[PDB]
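Student: Dropping the structure in here first, questions after.
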Amino acid sequence: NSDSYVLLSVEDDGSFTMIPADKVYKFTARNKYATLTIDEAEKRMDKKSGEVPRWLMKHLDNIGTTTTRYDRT
Amino acid sequence: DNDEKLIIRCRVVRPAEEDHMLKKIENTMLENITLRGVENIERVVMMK
Amino acid sequence: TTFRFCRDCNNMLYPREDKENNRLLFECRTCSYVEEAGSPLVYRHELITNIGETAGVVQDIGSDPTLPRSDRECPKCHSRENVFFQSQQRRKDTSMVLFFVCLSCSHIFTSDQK
Amino acid sequence: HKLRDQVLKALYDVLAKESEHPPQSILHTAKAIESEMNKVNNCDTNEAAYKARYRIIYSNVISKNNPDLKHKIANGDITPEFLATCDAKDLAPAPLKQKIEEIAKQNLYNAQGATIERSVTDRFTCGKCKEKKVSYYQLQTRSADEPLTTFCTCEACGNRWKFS
Ligand SMILES: [Zn+2]
Ligand SMILES: [Zn+2]
Ligand SMILES: [Zn+2]
């Protein structure tokens, strides 16, 4: 409903400005926790195990592969 | 058999991850252990 | 038996064990947040279910017409109007229990005679 | 003899744990040893059923419910009979016993199944026995141009016939 919305801000002098809003964007945080990757993900989700390892991501992090973007920086 | 609650205590002996092994084990316990009676016979009734 | 999600990232904490102090560490798998659980109970099955007979009590049942009406009294308000209906949990082995709800006290009560 | 002395140790422990702490310690350990010999009078460390009966009696002493069994064994309940009881279902305690018979009665009721009973009349006679205890049914089988079938079922002997 980006069309039906319309903006009204009080300014410093008390001016009430009149903006017809055009579009809305929704933002989600991403890779805050060192996400895994596609190929080893496929070997994980393939039906080779009765259950995948419970602490598999923690074990991969202890091995050191697939660090966070903040860690790479 | 004289208690007011009937419990079976069981643990795996071992010479991580034990949750899903126990799940699979108890699934097998529930399914496949025959107790008495011949298979392919279900609830049996008796008439007069 | 309920699920506790990681507060830092909305994913349910998983059971994992302290190797040395022997405690229930509900750890997040998404992030590294960890949490100590309260009871050694983790998994729970309920091979036999017998619940659901009073389902869907909305605040305005009396607005429907098709519910019948009777003359028993609500043993909170004693108003002579009430609404009754069959048990909601439609299995082949449920009962003929009638659940009486009164509009005045907005209160439910049954008629079991055990 | 290790099993002998272990059963003796357990028995001395559970009778010393009784509410009636018996000053007749030698008499109650005599009760313990005579229960040991009459217990091993079954097998004497030859079969695991000896251990099973040991579990039965040991946990019956422990249970609480019931506690009064400790005083009753301390002041009676001659144990050579209690080798040969195998009567755990009829002891410790009576309310659980009553629960057991009502459970068994309900199970026996639920075992025997459907008993539909064939409502009768008295107008026709049997095709074979020739008596009037006749029971029927209605439905129509063939095409629409004709009425029902008028099924018959005798009950004096169980005969079946039909009328058009
Ligand atoms: Zn987390
Ligand atoms: Zn009321
Ligand atoms: Zn006949």
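To be explicit about the labels: the chains of the structure tokens are called A, B, and onward in the order shown, and within each one the residues are counted from 1, while ligands get numbers from 1 in the order they are shown.
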Let's see if you can do this: from backbone DSSP, list all strand (DSSP E or B) residues in chain C, as a tab-separated table (two decimals) with C-alpha atoms, in the first residue's frame.
Tutor:
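File selection_34.tsv, as written:
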```tsv
chain	number	residue	atom	x	y	z
C	5	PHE	CA	14.04	-19.60	20.53
C	12	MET	CA	14.96	-22.52	18.55
C	14	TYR	CA	18.99	-26.94	20.60
C	15	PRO	CA	19.88	-29.43	23.31
C	16	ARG	CA	23.61	-29.89	23.67
C	17	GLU	CA	25.54	-31.20	26.62
C	24	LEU	CA	21.59	-28.73	29.78
C	25	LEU	CA	23.00	-26.08	27.50
C	26	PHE	CA	20.29	-25.05	25.08
C	27	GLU	CA	22.61	-23.52	22.52
C	34	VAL	CA	23.83	-20.45	24.74
C	35	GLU	CA	21.27	-20.97	27.46
C	36	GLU	CA	20.94	-23.23	30.48
C	69	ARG	CA	-30.86	-22.96	23.46
C	83	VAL	CA	-26.09	-22.33	24.71
C	84	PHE	CA	-24.97	-25.95	24.39
C	85	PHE	CA	-23.22	-27.96	21.70
C	86	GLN	CA	-21.45	-31.23	21.00
C	98	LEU	CA	-22.76	-31.39	26.22
C	99	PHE	CA	-20.87	-28.19	27.00
C	100	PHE	CA	-23.11	-25.42	28.26
C	101	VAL	CA	-22.05	-21.83	27.75
C	108	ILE	CA	-18.57	-22.74	30.32
C	109	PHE	CA	-19.75	-25.72	32.32
C	110	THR	CA	-20.48	-29.34	31.49
```
Student: Please identify all polymer residues within 12 Å of range 21-30 of chain B, counting only C-alpha atoms, omitting same-chain residues fewer than 6 positions from it, and present them as number ranges by chain.
Tutor: A: 49-54; B: 8, 10-13; C: 42-45, 47
Student: Output N, CA and C atoms for every residue in the selection just made, as a CSV table (one decimal), in the first residue's frame.
Tutor:
```csv
chain,number,residue,atom,x,y,z
A,49,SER,N,23.0,-39.3,6.0
A,49,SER,CA,23.0,-39.5,7.4
A,49,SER,C,21.5,-39.7,7.9
A,50,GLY,N,21.4,-40.5,9.0
A,50,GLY,CA,20.1,-40.5,9.6
A,50,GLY,C,19.7,-39.2,10.3
A,51,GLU,N,20.7,-38.5,10.8
A,51,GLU,CA,20.5,-37.1,11.1
A,51,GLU,C,21.9,-36.4,10.9
A,52,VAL,N,21.8,-35.1,10.5
A,52,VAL,CA,23.0,-34.3,10.3
A,52,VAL,C,23.6,-34.0,11.6
A,53,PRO,N,24.9,-33.6,11.7
A,53,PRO,CA,25.5,-33.4,13.0
A,53,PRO,C,24.9,-32.2,13.7
A,54,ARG,N,24.7,-32.3,15.0
A,54,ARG,CA,24.0,-31.3,15.8
A,54,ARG,C,24.8,-30.0,15.9
B,8,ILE,N,10.3,-48.1,32.6
B,8,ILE,CA,11.4,-48.9,32.2
B,8,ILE,C,12.6,-47.9,32.0
B,10,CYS,N,16.4,-47.3,30.8
B,10,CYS,CA,17.3,-47.9,29.9
B,10,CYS,C,18.3,-46.8,29.4
B,11,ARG,N,19.6,-47.2,29.3
B,11,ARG,CA,20.7,-46.3,28.9
B,11,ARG,C,21.5,-47.1,27.9
B,12,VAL,N,22.2,-46.4,27.0
B,12,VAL,CA,23.1,-47.1,26.1
B,12,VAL,C,24.5,-47.1,26.7
B,13,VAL,N,25.1,-48.3,26.6
B,13,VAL,CA,26.5,-48.4,27.1
B,13,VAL,C,27.4,-48.0,25.9
C,42,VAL,N,13.5,-33.4,27.8
C,42,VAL,CA,13.7,-32.7,26.5
C,42,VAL,C,12.6,-33.2,25.5
C,43,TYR,N,12.6,-34.4,25.2
C,43,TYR,CA,11.6,-35.0,24.2
C,43,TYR,C,10.5,-35.6,24.9
C,44,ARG,N,9.3,-35.6,24.2
C,44,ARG,CA,8.0,-35.9,24.8
C,44,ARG,C,7.1,-36.3,23.6
C,45,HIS,N,6.4,-37.4,23.8
C,45,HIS,CA,5.7,-38.0,22.7
C,45,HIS,C,4.2,-38.0,22.8
C,47,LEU,N,1.8,-40.8,23.2
C,47,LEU,CA,1.2,-41.8,22.3
C,47,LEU,C,-0.3,-41.8,22.3
```
Student: Dump the neighbourhood of ligand 1 as JSON, numbers by chain: all residues within 6 Å, distances computed on only C-alpha atoms and all ligand atoms.
Tutor: {"C": [6, 8, 9, 28, 30, 31, 32, 33]}
Student: Generate a file of the selected residues that holds N, CA, C and O atoms, formatted as a compact mmCIF listing (two decimals), in the first residue's frame.
Tutor:
```
# COMPACT_ATOMS: atom_id res chain seq x y z
N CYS C 6 16.23 -18.67 20.18
CA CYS C 6 17.34 -17.78 20.51
C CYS C 6 16.87 -16.35 20.43
O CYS C 6 16.35 -15.90 19.40
N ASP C 8 18.69 -13.75 20.43
CA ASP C 8 19.55 -12.97 19.56
C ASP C 8 19.20 -13.18 18.10
O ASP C 8 19.42 -12.28 17.28
N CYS C 9 18.67 -14.35 17.74
CA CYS C 9 18.20 -14.60 16.39
C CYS C 9 17.16 -15.70 16.43
O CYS C 9 17.47 -16.81 16.88
N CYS C 28 22.10 -21.95 20.78
CA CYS C 28 21.69 -21.59 19.43
C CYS C 28 22.66 -22.21 18.44
O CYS C 28 23.85 -22.36 18.71
N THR C 30 22.33 -21.11 15.05
CA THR C 30 22.50 -20.02 14.12
C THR C 30 23.63 -19.12 14.59
O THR C 30 24.65 -18.98 13.91
N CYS C 31 23.49 -18.54 15.77
CA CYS C 31 24.57 -17.82 16.40
C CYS C 31 25.09 -18.64 17.57
O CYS C 31 24.67 -19.78 17.79
N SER C 32 26.00 -18.05 18.32
CA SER C 32 26.70 -18.76 19.38
C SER C 32 26.10 -18.54 20.75
O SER C 32 26.73 -18.91 21.75
N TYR C 33 24.92 -17.94 20.83
CA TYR C 33 24.27 -17.75 22.12
C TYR C 33 23.90 -19.09 22.73
O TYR C 33 23.47 -20.01 22.04
```
Student: Could you pull out the residues sitting within 12 Å of ligand 2, using only C-alpha atoms and all ligand atoms, and write them as a PyMOL selection string?
Tutor: chain C and resi 72-83+100-110
Student: For the selection just defined, write its residues with N, CA and C atoms to a file, as a PDB file, in the first residue's frame.
Tutor:
```
ATOM      1  N   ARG C  72     -30.944 -24.667  31.417  1.00  0.00           N
ATOM      2  CA  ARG C  72     -30.123 -24.852  32.599  1.00  0.00           C
ATOM      3  C   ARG C  72     -29.496 -23.524  33.004  1.00  0.00           C
ATOM      4  N   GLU C  73     -29.096 -23.436  34.265  1.00  0.00           N
ATOM      5  CA  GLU C  73     -28.567 -22.199  34.817  1.00  0.00           C
ATOM      6  C   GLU C  73     -27.047 -22.250  34.891  1.00  0.00           C
ATOM      7  N   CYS C  74     -26.420 -21.095  34.699  1.00  0.00           N
ATOM      8  CA  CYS C  74     -24.974 -21.013  34.830  1.00  0.00           C
ATOM      9  C   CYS C  74     -24.615 -20.976  36.307  1.00  0.00           C
ATOM     10  N   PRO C  75     -23.868 -21.941  36.820  1.00  0.00           N
ATOM     11  CA  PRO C  75     -23.607 -21.952  38.265  1.00  0.00           C
ATOM     12  C   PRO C  75     -22.534 -20.962  38.688  1.00  0.00           C
ATOM     13  N   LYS C  76     -22.570 -19.786  38.108  1.00  0.00           N
ATOM     14  CA  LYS C  76     -21.890 -18.559  38.475  1.00  0.00           C
ATOM     15  C   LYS C  76     -22.843 -17.383  38.485  1.00  0.00           C
ATOM     16  N   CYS C  77     -23.787 -17.348  37.551  1.00  0.00           N
ATOM     17  CA  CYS C  77     -24.704 -16.235  37.414  1.00  0.00           C
ATOM     18  C   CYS C  77     -26.163 -16.638  37.478  1.00  0.00           C
ATOM     19  N   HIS C  78     -26.480 -17.923  37.298  1.00  0.00           N
ATOM     20  CA  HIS C  78     -27.821 -18.495  37.428  1.00  0.00           C
ATOM     21  C   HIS C  78     -28.805 -17.921  36.423  1.00  0.00           C
ATOM     22  N   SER C  79     -28.303 -17.305  35.361  1.00  0.00           N
ATOM     23  CA  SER C  79     -29.170 -16.875  34.281  1.00  0.00           C
ATOM     24  C   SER C  79     -29.733 -18.095  33.581  1.00  0.00           C
ATOM     25  N   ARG C  80     -31.010 -18.028  33.235  1.00  0.00           N
ATOM     26  CA  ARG C  80     -31.664 -19.203  32.692  1.00  0.00           C
ATOM     27  C   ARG C  80     -31.385 -19.414  31.216  1.00  0.00           C
ATOM     28  N   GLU C  81     -30.773 -18.450  30.549  1.00  0.00           N
ATOM     29  CA  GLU C  81     -30.380 -18.646  29.169  1.00  0.00           C
ATOM     30  C   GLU C  81     -28.989 -19.254  29.095  1.00  0.00           C
ATOM     31  N   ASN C  82     -28.761 -20.031  28.046  1.00  0.00           N
ATOM     32  CA  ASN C  82     -27.508 -20.741  27.845  1.00  0.00           C
ATOM     33  C   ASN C  82     -27.484 -21.296  26.433  1.00  0.00           C
ATOM     34  N   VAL C  83     -26.299 -21.713  26.008  1.00  0.00           N
ATOM     35  CA  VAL C  83     -26.092 -22.335  24.710  1.00  0.00           C
ATOM     36  C   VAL C  83     -25.263 -23.588  24.922  1.00  0.00           C
ATOM     37  N   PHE C 100     -22.201 -26.541  28.140  1.00  0.00           N
ATOM     38  CA  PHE C 100     -23.105 -25.418  28.255  1.00  0.00           C
ATOM     39  C   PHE C 100     -22.311 -24.145  28.434  1.00  0.00           C
ATOM     40  N   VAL C 101     -22.584 -23.166  27.589  1.00  0.00           N
ATOM     41  CA  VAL C 101     -22.051 -21.828  27.754  1.00  0.00           C
ATOM     42  C   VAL C 101     -23.223 -20.869  27.869  1.00  0.00           C
ATOM     43  N   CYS C 102     -23.158 -19.999  28.862  1.00  0.00           N
ATOM     44  CA  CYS C 102     -24.175 -18.995  29.099  1.00  0.00           C
ATOM     45  C   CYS C 102     -23.716 -17.663  28.542  1.00  0.00           C
ATOM     46  N   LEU C 103     -24.664 -16.895  28.017  1.00  0.00           N
ATOM     47  CA  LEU C 103     -24.304 -15.588  27.489  1.00  0.00           C
ATOM     48  C   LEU C 103     -24.036 -14.581  28.594  1.00  0.00           C
ATOM     49  N   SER C 104     -24.766 -14.669  29.702  1.00  0.00           N
ATOM     50  CA  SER C 104     -24.605 -13.712  30.790  1.00  0.00           C
ATOM     51  C   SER C 104     -23.226 -13.804  31.418  1.00  0.00           C
ATOM     52  N   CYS C 105     -22.928 -14.930  32.058  1.00  0.00           N
ATOM     53  CA  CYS C 105     -21.650 -15.052  32.739  1.00  0.00           C
ATOM     54  C   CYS C 105     -20.502 -15.347  31.794  1.00  0.00           C
ATOM     55  N   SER C 106     -20.794 -15.647  30.522  1.00  0.00           N
ATOM     56  CA  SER C 106     -19.792 -15.987  29.505  1.00  0.00           C
ATOM     57  C   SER C 106     -18.910 -17.136  29.974  1.00  0.00           C
ATOM     58  N   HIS C 107     -19.526 -18.090  30.656  1.00  0.00           N
ATOM     59  CA  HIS C 107     -18.815 -19.111  31.398  1.00  0.00           C
ATOM     60  C   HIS C 107     -19.255 -20.484  30.924  1.00  0.00           C
ATOM     61  N   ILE C 108     -18.304 -21.400  30.814  1.00  0.00           N
ATOM     62  CA  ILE C 108     -18.573 -22.740  30.316  1.00  0.00           C
ATOM     63  C   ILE C 108     -18.718 -23.691  31.486  1.00  0.00           C
ATOM     64  N   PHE C 109     -19.593 -24.677  31.329  1.00  0.00           N
ATOM     65  CA  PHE C 109     -19.749 -25.724  32.324  1.00  0.00           C
ATOM     66  C   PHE C 109     -20.416 -26.913  31.663  1.00  0.00           C
ATOM     67  N   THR C 110     -20.022 -28.101  32.091  1.00  0.00           N
ATOM     68  CA  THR C 110     -20.483 -29.339  31.490  1.00  0.00           C
ATOM     69  C   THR C 110     -21.548 -29.998  32.353  1.00  0.00           C
TER      70      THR C 110
END
```
Student: So what do you get for CA of residue 86 in chain D versus CA of residue 104 in chain D, distance-wise?
Tutor: 18.5 Å
Student: List all protein, DNA and RNA residues that have an atom no more than 10 Å from any atom of ligand 3, counting only C-alpha atoms and all ligand atoms, and report them as an MDAnalysis selection string.
Tutor: chainID D and resid 125:134 153:161
Student: Could you name the residues that touch residue 9 in chain A at 12 Å or less, counting only C-alpha atoms, but leaving out those on the same chain fewer than 4 positions away, as a list in words?
Tutor: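 The filter keeps residues 13, 14, 15, 16, 17, 18, 19 and 20 of chain A.
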Student: Store the residues of this selection in a file with N, CA, C and O atoms, as a PDB file, in the first residue's frame.
Tutor:
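Final file, out-v3.pdb:
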```pdb
ATOM      1  N   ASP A  13      10.740  24.556  12.736  1.00  0.00           N
ATOM      2  CA  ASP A  13       9.882  25.710  12.954  1.00  0.00           C
ATOM      3  C   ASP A  13       8.435  25.322  13.202  1.00  0.00           C
ATOM      4  O   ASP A  13       7.599  26.206  13.414  1.00  0.00           O
ATOM      5  N   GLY A  14       8.120  24.037  13.167  1.00  0.00           N
ATOM      6  CA  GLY A  14       6.752  23.598  13.216  1.00  0.00           C
ATOM      7  C   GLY A  14       6.098  23.431  11.869  1.00  0.00           C
ATOM      8  O   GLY A  14       4.879  23.254  11.814  1.00  0.00           O
ATOM      9  N   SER A  15       6.863  23.497  10.782  1.00  0.00           N
ATOM     10  CA  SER A  15       6.289  23.322   9.457  1.00  0.00           C
ATOM     11  C   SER A  15       5.903  21.868   9.239  1.00  0.00           C
ATOM     12  O   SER A  15       6.703  20.957   9.472  1.00  0.00           O
ATOM     13  N   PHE A  16       4.677  21.650   8.791  1.00  0.00           N
ATOM     14  CA  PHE A  16       4.160  20.309   8.556  1.00  0.00           C
ATOM     15  C   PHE A  16       4.265  20.032   7.066  1.00  0.00           C
ATOM     16  O   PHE A  16       3.447  20.503   6.272  1.00  0.00           O
ATOM     17  N   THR A  17       5.291  19.274   6.698  1.00  0.00           N
ATOM     18  CA  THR A  17       5.594  19.030   5.300  1.00  0.00           C
ATOM     19  C   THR A  17       4.776  17.866   4.757  1.00  0.00           C
ATOM     20  O   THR A  17       4.431  16.929   5.481  1.00  0.00           O
ATOM     21  N   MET A  18       4.483  17.936   3.470  1.00  0.00           N
ATOM     22  CA  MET A  18       3.454  17.139   2.814  1.00  0.00           C
ATOM     23  C   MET A  18       4.079  16.332   1.685  1.00  0.00           C
ATOM     24  O   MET A  18       4.197  16.821   0.559  1.00  0.00           O
ATOM     25  N   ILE A  19       4.469  15.098   1.971  1.00  0.00           N
ATOM     26  CA  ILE A  19       5.151  14.269   0.989  1.00  0.00           C
ATOM     27  C   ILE A  19       4.261  13.083   0.649  1.00  0.00           C
ATOM     28  O   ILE A  19       3.923  12.291   1.534  1.00  0.00           O
ATOM     29  N   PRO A  20       3.880  12.904  -0.599  1.00  0.00           N
ATOM     30  CA  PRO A  20       3.273  11.638  -1.022  1.00  0.00           C
ATOM     31  C   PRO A  20       4.355  10.580  -1.149  1.00  0.00           C
ATOM     32  O   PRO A  20       5.232  10.668  -2.014  1.00  0.00           O
TER      33      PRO A  20
END
```
Student: Find the residues of chain B that sit at most 10 Å from chain A; for each, write down the nearest two atoms and how far apart they are in Å, to one decimal. Count only C-alpha atoms. Sort by chain, then by number going up, and give it as a tab-separated table.
Tutor:
```
residue	atom	partner	partner_atom	distance
B:16	CA	A:54	CA	8.4
B:17	CA	A:54	CA	6.2
B:18	CA	A:54	CA	9.6
B:19	CA	A:54	CA	9.1
B:20	CA	A:51	CA	6.8
B:21	CA	A:50	CA	8.6
B:24	CA	A:50	CA	8.6
```
Student: Kindly save the residues from that selection, with N, CA and C atoms included, as a compact mmCIF listing (two decimals), in the first residue's frame.
Tutor:
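Contents of selection11.txt, as written:
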```
# COMPACT_ATOMS: atom_id res chain seq x y z
N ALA B 16 28.46 -37.34 22.23
CA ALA B 16 27.88 -36.42 21.25
C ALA B 16 26.72 -37.07 20.51
N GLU B 17 25.80 -36.23 20.05
CA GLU B 17 24.77 -36.55 19.05
C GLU B 17 23.72 -37.55 19.54
N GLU B 18 23.74 -37.92 20.83
CA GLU B 18 23.00 -39.09 21.31
C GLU B 18 21.50 -38.94 21.19
N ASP B 19 21.01 -37.71 21.02
CA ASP B 19 19.58 -37.45 20.94
C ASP B 19 18.93 -38.23 19.81
N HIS B 20 19.46 -38.11 18.60
CA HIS B 20 18.79 -38.75 17.48
C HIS B 20 19.07 -40.25 17.43
N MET B 21 20.22 -40.71 17.94
CA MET B 21 20.37 -42.16 18.09
C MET B 21 19.34 -42.72 19.06
N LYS B 24 16.01 -42.90 17.23
CA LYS B 24 15.91 -44.04 16.33
C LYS B 24 15.78 -45.34 17.10
```
